[PDB]
């Protein structure tokens, strides 16, 4: 027996940050405008799951005009509680004090810091916003001014979708519980955290005026209540159900536990899809000066499967954001942070890079949607990026790419 259907008029918008200087002779609203609109409409509540906070020039020891959007975001955040909006912030436990969070505290917001390292030996990596139990953002953008103007980002805003937003709030509530000082993960979570919407029975929603199936997946497994699909299971179900193509854009990909362990769950899913079903796989991996060089061997290993006897067809490119003389002075910028997957039948938008810890120890969430739309728009972003001059084959020269790339 399926759970109750939803009648809210849900509308989904893909939201991107395109770094200054990147041009794509060819648009989605930017992450900055979507966040400021959400904040301007907020009247009752805001829940933010976050990794770190650097919204200001002072935070990064810089004097960049590019930080203005981030600075504006922070100002609108400080204004929320004094106008009646209950703000709750969950952040991964930091090394030093955070100024953004101290300002938010003095404006009346609540903050708890989640020590995922003690609980599970991971971090709180999830990025999402839940606003007025009605709208949500979920995607790759951190609370970082660079994430608006100097690095590439992909996420989704779901508007007017209370059924799904309350479902996200259950995940946030797990974080909020573990943010108290003496908290320990329960053996069995209270029934209030549980959901009836999952891979087996997704939520039936109206999405842009058309029926669709949607659910939210969660990581790590100790944070998953009884009926919540694990993130790895949802991702692999998409990989395994594909019959025509699998397009993947992710910042890092590694079939390992980044004592070292080999971790082939995703890698074997792609090998299987291509050999048994002839599905076309395209893998778009980001590269900058901080890329883990051990990525190259595994990527070459996949690309060897492209072969006219098995008729398997797997292809890999690297996406590199060019940096000019002034931009190279910005710390930790000029990269592509996207983490998403689209097939001929399904969409997957996530907060986690594709290696084992994000699926066994670290916090993450993903949104899964099936419809007969958002899918075609996600495929359009992927093809634009894959065909741009910013994407390069594994044999490309490292000086011909516009930025440092260890994988070349």
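Positions refer to the first chain, counted from 1.
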Looking at residue 115 and residue 116, the deposited sequence has unmodelled residues in between totalling none
Between residue 63 and residue 64 - deposited residues without coordinates, as a size class: none
Quick one: higher average CA temperature factor, 223-231 or 183-191? 183-191
Which is higher on average in the deposited entry, the C-alpha temperature factors of 321-329 or of 282-290? 321-329
Checking the record values for 28, 362, 31, 365, which has the greatest CA B factor? 28
For the C-alpha B-factor as written in the entry, point me to the maximum among 109, 156, 316, 249. 109
For residue 399, return the chain-relative third of its C-alpha B-factor as stated in the PDB record: lowest, middle or highest. highest
In terms of the CA temperature factor given in the entry, to which third of its chain does residue 120 belong: lowest, middle or highest? highest
Where the record places residue 167 (Cα B-factor, split into thirds across the chain): middle
Mind checking which third residue 132 falls in for C-alpha B-factor across the chain? middle
Chain-relative CA temperature factor third for residue 347: lowest
